[PDB]
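Just below is one structure, and these are the notes that go with it.
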Amino acid sequence: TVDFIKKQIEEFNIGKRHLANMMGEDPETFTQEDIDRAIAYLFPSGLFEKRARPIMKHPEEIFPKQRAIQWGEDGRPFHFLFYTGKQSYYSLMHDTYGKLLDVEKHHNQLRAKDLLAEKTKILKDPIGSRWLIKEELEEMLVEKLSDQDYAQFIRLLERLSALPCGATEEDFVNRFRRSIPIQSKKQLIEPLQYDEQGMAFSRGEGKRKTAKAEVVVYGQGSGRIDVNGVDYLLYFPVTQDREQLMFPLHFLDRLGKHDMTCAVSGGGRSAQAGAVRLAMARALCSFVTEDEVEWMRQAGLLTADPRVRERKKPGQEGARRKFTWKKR
Amino acid sequence: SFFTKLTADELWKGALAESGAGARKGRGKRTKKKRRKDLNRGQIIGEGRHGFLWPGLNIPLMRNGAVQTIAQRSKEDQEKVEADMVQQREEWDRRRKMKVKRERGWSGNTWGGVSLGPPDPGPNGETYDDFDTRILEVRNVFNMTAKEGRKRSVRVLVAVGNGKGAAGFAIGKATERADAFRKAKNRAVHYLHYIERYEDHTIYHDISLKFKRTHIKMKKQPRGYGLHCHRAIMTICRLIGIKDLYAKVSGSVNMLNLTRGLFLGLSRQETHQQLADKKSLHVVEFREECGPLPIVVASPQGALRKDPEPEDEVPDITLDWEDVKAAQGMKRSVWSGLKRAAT
Amino acid sequence: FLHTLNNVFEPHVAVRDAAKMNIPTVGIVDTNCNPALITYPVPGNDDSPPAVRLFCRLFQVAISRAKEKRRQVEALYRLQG
Amino acid sequence: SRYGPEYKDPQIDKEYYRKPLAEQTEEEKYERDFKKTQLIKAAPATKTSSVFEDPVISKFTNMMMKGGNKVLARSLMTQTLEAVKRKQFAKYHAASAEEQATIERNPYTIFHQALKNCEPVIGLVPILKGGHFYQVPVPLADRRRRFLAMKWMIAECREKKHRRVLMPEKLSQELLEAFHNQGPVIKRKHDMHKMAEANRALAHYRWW
Amino acid sequence: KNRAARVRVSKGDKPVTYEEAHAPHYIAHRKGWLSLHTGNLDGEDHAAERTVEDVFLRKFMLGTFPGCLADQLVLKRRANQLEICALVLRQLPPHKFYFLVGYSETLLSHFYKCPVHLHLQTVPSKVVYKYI
RNA sequence: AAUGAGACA
RNA sequence: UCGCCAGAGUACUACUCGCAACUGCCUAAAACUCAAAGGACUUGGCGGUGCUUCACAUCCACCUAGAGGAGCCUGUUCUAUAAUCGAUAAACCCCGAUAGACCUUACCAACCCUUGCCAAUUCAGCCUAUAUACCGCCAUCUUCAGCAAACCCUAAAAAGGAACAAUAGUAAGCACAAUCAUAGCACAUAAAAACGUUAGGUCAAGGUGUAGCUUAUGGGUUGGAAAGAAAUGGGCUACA
Ligand SMILES: [K+]
Ligand SMILES: [K+]
Ligand SMILES: [K+]
Ligand SMILES: [K+]
Ligand SMILES: [Mg+2]
Ligand SMILES: [Mg+2]
Ligand SMILES: [Mg+2]
Ligand SMILES: [Mg+2]
Ligand SMILES: [Mg+2]
Ligand SMILES: [Mg+2]
Ligand SMILES: [Mg+2]
Ligand SMILES: [Mg+2]
Ligand SMILES: [Mg+2]
Ligand SMILES: [Mg+2]
Ligand SMILES: [Mg+2]
Ligand SMILES: [Mg+2]
Ligand SMILES: [Mg+2]
Ligand SMILES: [Mg+2]
Ligand SMILES: [Mg+2]
Ligand SMILES: [Mg+2]
Ligand SMILES: [Mg+2]
Ligand SMILES: [Mg+2]
Ligand SMILES: [Mg+2]
Ligand SMILES: [Mg+2]
Ligand SMILES: [Mg+2]
Ligand SMILES: [Mg+2]
Ligand SMILES: [Mg+2]
Ligand SMILES: [Mg+2]
Ligand SMILES: [Mg+2]
Ligand SMILES: [Mg+2]
Ligand SMILES: [Mg+2]
Ligand SMILES: [Mg+2]
Ligand SMILES: [Mg+2]
Ligand SMILES: [Mg+2]
Ligand SMILES: [Mg+2]
Ligand SMILES: [Mg+2]
Ligand SMILES: [Mg+2]
Ligand SMILES: [Mg+2]
Ligand SMILES: [Mg+2]
Ligand SMILES: [Mg+2]
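Order-wise, the sequence lines are chains E, A, C, W and H. At position 131 of the first sequence (counting the first as 1) the number is 142 in my numbering, and the numbers step up by one without a gap. At position 218 of the second sequence (counting the first as 1) the number is 219 in my numbering, and the numbers step up by one without a gap. At position 42 of the third sequence (counting the first as 1) the number is 43 in my numbering, and the numbers step up by one without a gap. At position 99 of the fourth sequence (counting the first as 1) the number is 130 in my numbering, and the numbers step up by one without a gap. At position 105 of the fifth sequence (counting the first as 1) the number is 113 in my numbering, and the numbers step up by one without a gap.
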């Protein structure tokens with residue numbers, strides 16, 4: 012299917028020229044991202060499946076990678092492992108094993124000459140290096156693999172990487188390395204805001220069980236909370252609800268060092284109490300040092316509660332309860 | 002009630018009822034094949050009972066350079082056109098009742114001895130029109146399954162041959178009889194034997210073998226009397242090319258064992274040339290109709306032994322009681338000497 | 002076949018399959034092998050490293066000479082006409 | 032459960048974080064808690080870092096709740112502690128010199144001690160063998176014994192109390208009765224010991 | 009087992025088009041609606057009249073073009089004009105197609121008292137998406 | 001923990 | 001070289017010879033009945049068979065709230081009336097009905113109409129019989145993982161086809177998976193769940209095969225389908 016790919020390549024370039032002509036842009040810089048936004052406009056397909064929308068991309072990226080012809084006109088296979096069923100995988104295994112012997116042979120010669128100029132470079136923890144995934148590896152060798160074959164190949168690399176490392180070997184090994192994204196659970200500390208001679212006031216957002224709470228805390232006032240224009244004691248008659256508001260401030264030993272005004276809507280008494288508690292915890296991170304912010308997470312203050320009421324299934328009394336089941 | 006009507010495919014899919022639970026485990030013993038008739042086989046877009054000639058559909062749009070207009074049809078003319086349609090439908094019925102008479106096999110209903118034509122060409126483009134195949138045994142095979150229960154399967158055993166001395170056999174099993182034949186033919190050409198034929202009409206010497214629990218004995222015969230063997234053996238013999246043979250089958254008469262036993266015995270045949278080479282002596286054929294003339298048929302290539310064979314006064318050979326009984330004239334059955342049809 | 006036995010001490014499948022496909026086989030047979038289906042058996046040792054290396058080198062030069070002498074005759078053929 | 036397997040139970044005790052420098056192994060425990068980037072569940076509504084709470088009180092308060100009235104359960108638990116406190120204060124006033132420093136005026140101390148005396152030591156579980164059931168004694172775990180003591184307290188004060196007497200005052204009487212090892216719950220605990228001791232030869236049936 | 013608007017698996021010899029190869033629960037996920045109109049919006053009236061007219065066109069177009077119809081029609085309603093998009097096989101001569109196009113446009117316009125647009129796309133055969 | 005099937009190939 | 005064997009049941013039986021046997025042993029048929037009896041093997045199901053492992057609403061141990069008791073509401077069976085039908089182990093029982101005072105209505109008692117809805121028709125019409133002739137739409141095992149087609153192998157093949165330091169299997173199709181929806185991700189819930197099983201349910205959504213009716217099993221008008229001895233299921237309100 013080499014010719015079919017070539018036909019797709021040439022007409023895609025021609026099709027790109029027509030799209031740029033009708034869009035009224037510069038055809039020399041009609042990038043793929045511009046094509047995607049252009050196609051999404053001319054053909055406004057409303058579908059939930061992201062892969063079902065109309066696309067026009069590079070045929071190399073669209074069509075899956077295809078195996079090349081394995082033999083000449085006389086029928087002789089080009090590669091010397093074609094009769095093993097999986098030429099690409101076994102050739103990689105053969106080369107990888109050959110590198111191990113060369114390293115062992117080179118190390119044996121170095122030991123004979125009493126020289127150790129190599130170092131172990133396997134440790135790539137700060138970079139965050141991980142080996143190839145089976146799905147990724149199959150797309151590199153353009154051939155299907157199995158779990159048993161994948162484990163054997165990876166373990167062989169571990170033996171190769173555990174030995175003294177040469178410059179050529181590292182380039183061979185690094186093709187099998189993948190870098191994980193940055194992993195961290197630190198939150199973004201919101202800088203303090205000053206407005207109309209007001210000093211050290213911060214804003215936070217909280218939501219829990221169909222109840223959104225808007226809390227702004229002033230760091231220059233005494234200890235009082237004004238929710239929806241009324242005192243918190245009147246607004247929260249229940250002792251438990253007022254205990255929730257204490258929980259953030261009490262953990263920081265700053266019960267009376269902050270003046271707050273809140274606006275929470277929706278939900279019951281406990282939903283609002285939980286929402287205001289979450290908003291205060293996020294809003295107080297600005298006034299607290301970074302070390303105790305971590306302590307805030309370990310206590311569960313900064314983590315939103317994902318527990319929401321479930322639906323009622325058709326044919327059941329409730330969310331989980333079913334009707335009485337008469338066996339006979 | 003226009004909205005109450007349905008599609009043609011929906012109507013026939015329900016009227017035929019060829020998808021219900023009746024035709025699952027033999028519950029339906031109707032034995033009458035319901036036939037589906039395509040009602041659009043005869044269509045003339047525009048033609049109607051009232052007989053309106055619409056320019057563009059049935060009548061040509063332009064007539065002598067003038068575009069025709071809408072016009073009706075005469076009552077006598079419309080009757081003839083309708084009479085044409087009904088005769089066409091009656092003719093179609095007459096061409097469906099008749100069935101092609103297949104090749105007569107060993108019997109009127111069994112598939113034994115029925116040829117399936119040349120085998121399918123190989124993947125390399127090789128074509129086999131000289132080879133011919135015959136069906137030897139078709140038998141329904143049932144298996145017990147967890148879900149369905151009785152899983153009916155059809156297996157067949159066919160043999161292929163070119164008539165020049167090369168033949169083979171194979172077995173093909175599938176869920177459908179039509180697919181069973183296709184598998185059997187293709188797998189047959191993979192297993193081929195070459196059976197030596199003395200003068201291309203008979204085996205070199207008499208063969209006696211016992212394959213498992215099947216006793217089959219074959220005897221050499223002259224040109225005049227040929228093909229007096231089991232009806233399954235005759236089918237294989239015509240494919241191999243042997244035209245003169247006598248075979249008697251004793252014990253089990255299973256088709257598979259008989260086929261394997263026959264080919265195994267024939268592939269073990271020893272020719273005159275091989276016998277001459279292993280003995281380094283000349284082999285002389287004494288034709289009975291040619292008198293005492295010592296015709297030589299094969300000569301031992303290489304060194305010729307000058308030592309004659311030791312002549313035993315009383316040979317020590319194993320004789321079959323049936324052969325001696327027939328030779329002395331003691332077999333007086335009412336089936337041995339019956340006159341039969343052609344080979 | 003430099004070893005006619007697999008890792009479970011059974012005859013190799015290729016030995017049986019090659020006979021089915023009518024492919025001649027030249028295999029080294031040890032004292033516990035089956036040379037019945039091999040058309041060119043070579044009774045020898047296939048376990049000691051010196052024996053295995055010797056057979057490989059002998060087939061190396063045998064192939065190389067065949068490849069080279071095929072080319073030499075081709076060159077002579079080209080200058081013939 | 033909307034929480035995945037990675038989420039863990041949060042730590043609420045403030046004192047656990049305020050004095051970490053006095054120990055080394057515990058420092059390694061929580062420094063890796065966030066270094067592994069393990070997610071933390073949301074703080075439960077019931078539990079709080081308030082120094083005036085007690086875990087045994089919350090479990091007892093939850094059991095008294097019927098339906099979803101947490102406020103009513105909390106109100107009943109508040110009055111019950113008050114009712115015990117009033118009775119202990121009244122008895123303290125009418126006491127001699129040696130009797131004055133005997134009476135305990137702490138309801139939390141009384142409540143904790145009362146449950147530790149109503150917990151059975153060895154329980155019973157039926158075992159089917161030979162087509163019949165034999166009551167085989169077993170060494171019940173601590174959580175089961177603690178749970179069973181609370182259930183007996185609730186069952187007694189709900190059933191055999193009079194209609195006029197309120198719930199908080201009736202439960203207050205039983206707490207004092209159990210504090211002196213003379214309440215009916217203590218009698219029920221002894222009755223379970225009576226059956227367990229009688230079937231002391233059937234302990235061989237169990238296979239654990 | 010669900011059976012609404014599905015084609016059952018039968019070996020691999022029966023061709024299936026894109027519309028028939030998807031279960032009804034894939035609507036608005038993999039395939040769109042064959043007809044689009046304002047009747048089934050939130051606060052819009054006149055929904056039953058649109059539905060009955062839609063069904064009639066499914067039965068009229070199928071009978072007007074016997075055998076040559078590829079798959080289901082596509083009905084678009086803009087303003088007061090009605091647009092019908094069809095896929096028709098190469099069965100009838102082009103003379104007959106224009107005759108039916110003119111016949112359909114005039115007859116439907118005078119029956120529903122609205123302008124009708126009939127656009128046709130011709131394909132050599134039914135388009136196959138799976139099996140075959 | 002005793003008993004059960006008729007006009008399905 | 002000797003002994004024994006000529007379909008199965010009748011039959012280690014009847015009659016007969018010998019015997020320290022007398023309810024005995026040895027010898028050993030026939031009438032009659034059937035078209036089979038019998039040996040070995042393959043797959044499946046099952047096992048109050050053994051070994052190992054496992055049930056997160058789950059079998060036990062164990063948690064909470066309820067049904068069975070009473071009234072009431074509603075649905076079946078039975079009883080009853082001149083007065084529908086269908087569901088009716090798990091997979092029926094506030095089920096077809098997200099719905100009956102007339103209507104609906106298909107039931108009964110009376111009283112009327114015979115090209116009796118349409119453009120035409122020696123034809124309209126039928127809630128007439130057949131879910132055991134069916135299409136449609138599902139229940140169910142089932143959040144079980146297997147189904148089907150092409151091809152190869154087996155000293156024959158009914159059928160089976162895996163050993164990773166690998167010993168005959170291969171690549172695709174459907175299903176699971178992944179993805180999508182519940183406006184972040186995650187989790188969770190929805191949604192999905194093939195080939196088959198139960199001749200499972202539905203001729204009364206509608207269409208239709210076959211059979212039946214045609215001044216009648218068709219159409220219209222008026223009035224009327226009461227009633228609960230009793231038994232039971234699912235619910236609401238309680239017994240504070
Ligand atoms: K089995
Ligand atoms: K009830
Ligand atoms: K009426
Ligand atoms: K009917
Ligand atoms: Mg509930
Ligand atoms: Mg059906
Ligand atoms: Mg005949
Ligand atoms: Mg026979
Ligand atoms: Mg060896
Ligand atoms: Mg009985
Ligand atoms: Mg015999
Ligand atoms: Mg007999
Ligand atoms: Mg006896
Ligand atoms: Mg006797
Ligand atoms: Mg006698
Ligand atoms: Mg349960
Ligand atoms: Mg209740
Ligand atoms: Mg009751
Ligand atoms: Mg009732
Ligand atoms: Mg009824
Ligand atoms: Mg019924
Ligand atoms: Mg009627
Ligand atoms: Mg049925
Ligand atoms: Mg066998
Ligand atoms: Mg397969
Ligand atoms: Mg998969
Ligand atoms: Mg999502
Ligand atoms: Mg999920
Ligand atoms: Mg579901
Ligand atoms: Mg899924
Ligand atoms: Mg039935
Ligand atoms: Mg049932
Ligand atoms: Mg029924
Ligand atoms: Mg009907
Ligand atoms: Mg009926
Ligand atoms: Mg009909
Ligand atoms: Mg009537
Ligand atoms: Mg009752
Ligand atoms: Mg219910
Ligand atoms: Mg009330």
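The beta-carbon is built from N, C-alpha and C at its ideal position, and this holds for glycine as well.
Which partner residues of A/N144 appear in the DSSP bridge assignment?
A/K152
Of all the beta strand (DSSP E) runs that stay within the bounds of the region 140-181 of chain W, which reach a length of 3 or more residues?
154-160 and 163-169
Flag this pair as yes or no: are the beta carbons of A/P223 and A/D245 separated by less than 8 angstroms?
yes
For W/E228, does the count of other Cβ atoms within 10 angstroms reach 16, so buried, or fall short, so exposed?
exposed
Please identify the residue among E/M271, E/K68 and E/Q251 whose C-alpha is closest to the C-alpha of E/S213.
E/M271
Which residues, taken in chain order from the region 49-73 of chain E, show a beta carbon closer than 8 angstroms to some beta carbon of chain H?
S56, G57, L58, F59, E60 and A63
Take every Cβ of the region 250-260 of chain A, pair it with every Cβ of the region 210-230 of chain A, and state whether three or more of those distances are shorter than 8 angstroms.
yes
Would W/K60 count as contacting chain E if we go by Cβ distances under 8 angstroms?
no
Does W/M184 pass the burial test, meaning 16 or more other C-beta atoms within 10 Å, or should it be called exposed?
buried
Write down every uninterrupted run of the beta strand (DSSP E) in the region 91-118 of chain W whose length is 3 residues or greater and which is fully enclosed by it, in chain order.
none
Which residues of chain E have a Cβ atom closer than 7 angstroms to the Cβ of W/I71, listed in chain order?
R308, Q309, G311 and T314
Rounding to the nearest angstrom, what Cα-Cα distance links W/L171 and W/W238 in this structure?
15 angstroms
Using the Cβ count rule (16 or more neighbours within 10 Å means buried), how would you classify A/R198?
buried
Whole angstroms is fine: what's the gap from C/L55's alpha carbon to C/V62's?
11 angstroms
With a threshold of 8 angstroms between beta carbons, is W/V167 in contact with chain E?
no
By the DSSP assignment, the alpha helix (DSSP H) with A/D94 in it spans what residues?
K76 to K98
Candidates E/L167, E/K268 and E/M291, of which the one nearest E/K223 by Cα:
E/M291
Whole alpha helix (DSSP H) runs in the region 261-316 of chain E with 4 or more residues, listed along the chain?
280-294 and 301-309
Assigned secondary structure, H/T130 (DSSP; H/G/I helix, E/B strand, else coil):
strand
Where the beta strand (DSSP E) containing E/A224 begins and where it ends:
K223 to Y229
Proximal residues of chain H, C-beta to C-beta of A/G57 below 7 angstroms
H103, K104 and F107
H/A36 at chain E interface by Cβ criterion, 8 angstroms:
yes
Just checking, does the region 324-338 of chain A make contact with the region 224-236 of chain A on the three C-beta pairs under 8 angstroms criterion?
no
Taking the runs of the alpha helix (DSSP H) that are 4 residues or longer, which of them lie wholly in the region 199-255 of chain A?
232-241
Closer than 8 angstroms, CB to CB, is A/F264 near chain H or not?
no
Between the region 66-73 of chain E and the region 22-29 of chain E, can you find at least three pairs of beta-carbon atoms closer than 8 angstroms?
yes
Under the DSSP definition of a beta bridge, which residues are partnered with A/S2?
Beta-bridge pairing links A/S2 to no other residue.
Whole-angstrom distance between E/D182 and E/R188, CA atom to CA atom
10 angstroms
Based on DSSP bridge pairs, tell me the residues matched to A/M63.
A/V68
Nearest by alpha-carbon distance to A/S300: which of A/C238, A/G292 and A/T272 is it?
A/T272
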